[PDB]
Amino acid sequence: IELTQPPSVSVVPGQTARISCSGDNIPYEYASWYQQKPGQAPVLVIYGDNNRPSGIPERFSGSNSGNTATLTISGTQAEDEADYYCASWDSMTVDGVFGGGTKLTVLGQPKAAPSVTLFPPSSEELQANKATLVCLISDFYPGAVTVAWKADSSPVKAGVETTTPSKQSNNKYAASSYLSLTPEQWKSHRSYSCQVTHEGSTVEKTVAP
Amino acid sequence: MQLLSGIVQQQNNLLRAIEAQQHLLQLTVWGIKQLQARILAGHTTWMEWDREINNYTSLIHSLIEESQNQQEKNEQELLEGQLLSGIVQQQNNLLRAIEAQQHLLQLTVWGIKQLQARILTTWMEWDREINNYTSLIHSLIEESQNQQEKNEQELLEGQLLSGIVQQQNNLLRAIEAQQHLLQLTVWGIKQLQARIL
Amino acid sequence: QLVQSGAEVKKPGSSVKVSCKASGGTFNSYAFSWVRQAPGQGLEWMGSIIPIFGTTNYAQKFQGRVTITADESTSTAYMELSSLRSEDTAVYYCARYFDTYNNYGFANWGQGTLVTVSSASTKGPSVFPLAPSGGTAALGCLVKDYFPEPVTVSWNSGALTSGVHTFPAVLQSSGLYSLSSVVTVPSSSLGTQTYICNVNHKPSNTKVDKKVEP
Ligand code: NA
Ligand code: NA
C-alpha cells in the first residue's frame, strides 16, 4: 500500500474543501483521517466509513470510491487551516501506512512582500577574526521565498545558510539568511547584497564595508 | 410495564457484551497476524483466511449496527404489537451476531493451531477445552435457533412471552460460552508469544 | 491518556528508549503504535504492540533497530531505537488505536518526544551586537555557534518588549546553531536610550548581556 495525497489544497472561507487519498486496498474500513496543527499531535477526524469521533464537527465527513478516499469539509472555517493525513493498515501484515499529508490553506490573508534588513559584520566579530552578514526577512505571505547573495553584483554561493520560513504571530512569515566570510573577503569587496524573491518580485538590501 | 422494559434493558446489556467480545476478537486477530508474520506457517491458505476474516468482520459490524438500531426502536416503543415484535427481532439480531462471532472465533482457533504446529505439550489440553466449549456453544446455538423459530411462528399467528424469556437465557448462556472460548484463545496467543525468539 | 518522557539529545550510534504512560482505561484493551515525524515532514508509522499478548510488528525499514515493549503493572509502553543516526531526528509519538471494536484509527496521542541526533557537543554561544546605522532604526544581537537548542533572548532586562523579533535559528553545516534578535526603535532614541540584549543558553549555563551601540 502506498497512499498518495495532494501536497496542498486551498479554499475560501465557507467554500467546501476536498482532500483525496489514493492507494488503499480492501478493506477500506482500516483507513482513517487526521488533522494536525503546528506543534500539536495529530487529531483523529474520521475513521472507517465516515465515522466521526466525539467532539469532531459535523462539517467533516469521509467518503470513498475504489482506491480513493476523500475527506470533505463543508463550509470550511479559518480554524480548519492545517495538515491533513490519511492512514490505513495492510490487512495481512497489519503494517500501518500514512499518506504524505496535505496542507490546507483557507484563503483570506492578502499578499505581503517581505521586509528585509541586512546587517554587516560587527567590529567585535571582525576582531574575533570572523565575519557574517545577517539578512533578516519578515512579514511576508504566502510563506515561501528564495534568497540570493551578491558581492559587487557577482553571485556568491559559498558560505550561505538560510532558514526555512516560519509562522509569526501575525500569521505572516519570517526567514533569515547568513553569509559567512573571512575578514579579508569582507573588506575586499565594495558592496554585498541580499536579494529576496517572493511571488516573482525581488526585494534587495545592500551593505558596504 | 416492567417485565418488557426489563427485557429491553437486558437486551441492551447483551449487545454491549457482544461489542466488548468483538473488540477482544479483533485483538486476537491482530495478535495472530503479528505472530504469523514472524513465524510464517506454510500462503494462499493464509490469504483466504484473511479474506474470510474480513468478510465476517464486515458482517459482524453490520449486525451490531442493526442491533443498535433495533435497540433504539424498542426503547422508543417502550415510551409509546410493535414492542413484542421488536423484542423478537432483537433476539434474532443478537443470535445472528453470536453465530457470526463464533465462526470468526473458529477462524482464530484455526490460525492459533497452525502457529502452535511450528512452536513444537499442553496444546492437547488446550485443545480439549476448546472442543468442549465449541460443542457447548454449538448446542446452545442450535437450541437458540429452534426457540427463535417458535417465537417467530407464534408472533405471526403466552407461549410467546415464555419463549421470549427463555430466549434471553439461551443468548446469555451462549455469550458466556463465547467469553470462555475467548479467554482460551487469548491464553493460546500469550503462550505462543512467550515462546518466540 | 498518554504522557511521554522528555526530550533527548543523542550522538550517532547511541540508543534511545522513549516511554509512554497510559492512564484511564483497561490496560488489556490497549493497542499502541509508535509514529515519528521529522521536522517539517510527514508521519511515519514505526511499529505496533498489543500489550495483552505482548505481540509486535515493525516497519521493515526499522527491523533489527527498534524494540517495542509494554508493562502492565506500570501501564507504560516503550520504544527503543538503536544505532541512532542524524536522519532519526524527529518527534516520536505513542498512539492508541482500537478505542472501539471497529476504530482502527489512532484516537489518542502522546504529547510527542523530540529526539535530536547529532555529533555536536554542548556549547554556549558567542554574542555580537548588530549596530544601527527620521523614522525608525533596526538594531540587534547575533547569537552565534551554540548547541543544542534553545537560546532565550530578552532586551533591557525584560523592560523592552515591543518591536522585538527573535528569529528561528539556522542550523549550520558545522552542527551548530545561530540566531538573531532585532528590535525596531525610533531613530531619536539612539542617543538617549541604552540597548542591551540578554542571552540565555541553559544547557551550557551561559548568561550574557551585550550592549548594542550606534
Ligand atoms: Na491501490
Ligand atoms: Na500493527
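Within each chain the numbering goes from 1 in written sequence order, not necessarily matching the entry, and residues lacking coordinates are not shown. Chain letters and ligand numbers both follow the written order, the letters beginning at A and the numbers at 1. Think of the side-chain values as coming from all heavy atoms in the structure, minus any hydrogens and water. Residues with missing side-chain atoms are left out of burial classes, side-chain pairs and their counts.

Going by the header, the method for this PDB entry is X-ray crystallography, and the resolution given is 2.05 Å.

(A) Looking closely at the sheet that holds strand 6 (residues 68–73) of chain A. Residues and elements named next belong to chain A. Here the rule is simple: two strands pair whenever DSSP picks up at least two bridges between them. Only runs of H or I of at least four residues qualify as helices and only runs of E of at least two qualify as strands under DSSP, and these elements are numbered from the N terminus. Within the open sheet, the three strands sit side by side as 2-6-5. Their pairing is antiparallel. Sheet topology places strand 2 (17–22) and strand 5 (60–65) at the edges, where each strand pairs with a single neighbour. Averaged over all adjacent pairs, the angle separating strand axes in this sheet is 20 degrees, with direction ignored. Bridge count for strand 2 against strand 6 is six bridges, and the pairing is antiparallel. Across the sheet, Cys21 pairs through a bridge with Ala69, a residue of strand 6. For helices, the fitted line uses only the C-alpha atoms of the stretch in contact; every axis is such a line through C-alpha atoms, and the angle between N-to-C directions lies from 0 to 180 degrees.

(B) Local environment of the coordination of the sodium ion (ligand 2). Distances from the sodium ion (ligand 2) to its protein donors, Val94(A) (O), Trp30(B) (NE1), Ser48(C) (OG) and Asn57(C) (OD1), fall at 2.7 to 3.0 Å. With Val94(A) in the loop between strand 7 (82–89) and strand 8 (96–98) and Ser48(C) in strand 5 (residues 44–50), the pair connects residues from two separate chains. The class for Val94(A) is buried, based on a relative accessible area of 0%. Buried means the residue's accessible area, taken with a 1.4 Å probe over protein chains only, is under 20% of the maximum for its type, while exposed means over 50%, and partly exposed covers the values in between. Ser48(C) sits in the buried class, given a relative accessible area of 0%. Counted as donors are the N, O and S atoms within 2.8 Å of the metal, or 3.2 Å for Na, K and Ca, while water is not among the atoms, so some sites may look incomplete.

(C) Representation of the coordination of the sodium ion (ligand 1) in the model. Protein ligation of the sodium ion (ligand 1) involves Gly23(A) (O) and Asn25(A) (OD1), the donor distances falling in the range 3.0 to 3.1 Å. Judged by its relative accessible area of 18%, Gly23(A) falls in the buried class.

(D) Quick look at the interface of chain A and chain B. Two residues qualify as a contact provided that any one of their heavy atoms is within 4.5 Å of a heavy atom in the partner residue. At the interface, seven residues of chain A touch nine residues of chain B. In this description, buried area is defined as the sum, over both parts, of the accessible area (probe of 1.4 Å) that is lost when the two are combined. Buried area between chain A and chain B, summed over both chains or domains, comes out near 800 Å², and the portion from carbon and sulfur atoms is 64%. Its largest share of buried area at the contact with chain B, chain A owes to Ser91(A), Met92(A) and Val94(A), together 62% of the area lost on that side. When a carboxyl oxygen of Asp or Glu lies within 4 Å of a side-chain nitrogen of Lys or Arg, that pair is called a salt bridge. Here chain A is connected to chain B by zero salt bridges. Under the rule applied, a polar contact is a pair of N or O atoms within 3.5 Å (in protein, one hydrogen donor and one hydrogen acceptor; residues adjacent in sequence only if both atoms are side-chain atoms). Here chain A is connected to chain B by six residue pairs in polar contact. Residue polarity follows a fixed list, in which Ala, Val, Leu, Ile, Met, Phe, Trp, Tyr, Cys and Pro are nonpolar, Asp, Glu, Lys and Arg are charged, and the others, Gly among them, are polar. Residue composition of the side of chain A that touches chain B, grouped by class: five nonpolar, one polar and one charged.

(E) Focus on the domain arrangement of chain A. All names here are of chain A. Where each domain begins and ends is defined by an automated method or by a domain database. Partitioning chain A into domains gives domain 1 (1–108) and domain 2 (109–209). Here the C-alpha centre of domain 2 lies 38 Å away from the C-alpha centre of domain 1. On the side of domain 2, four residues touch domain 1, which itself brings four residues to the contact. Between domain 1 and domain 2, the buried area comes to about 270 Å², and carbon and sulfur atoms account for 34% of it. Counting across the interface, domain 1 meets domain 2 through zero residue pairs in polar contact. When grouped by side-chain class, the residues that make up the side of domain 1 that touches domain 2 number two nonpolar, one polar and one charged.

(F) Local environment of the side chain of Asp24(A). Mapped onto the elements of the fold, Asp24(A) is located in the loop between strand 2 and strand 3 (32–36). The charge count includes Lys and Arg as positive and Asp and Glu as negative, but it does not include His or the ends of the chains. Here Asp24(A) occupies a buried position and makes no salt bridge, while the nearest side chain of opposite charge, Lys33(B), is found at 12 Å. Looking at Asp24(A), its side chain comes within polar contact range of the side chain of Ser88(A), at 2.7 Å. Aside from chain neighbours lying at most four places away, what touches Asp24(A) is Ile1(A), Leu3(A), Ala31(A), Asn67(A), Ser88(A) and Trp89(A).

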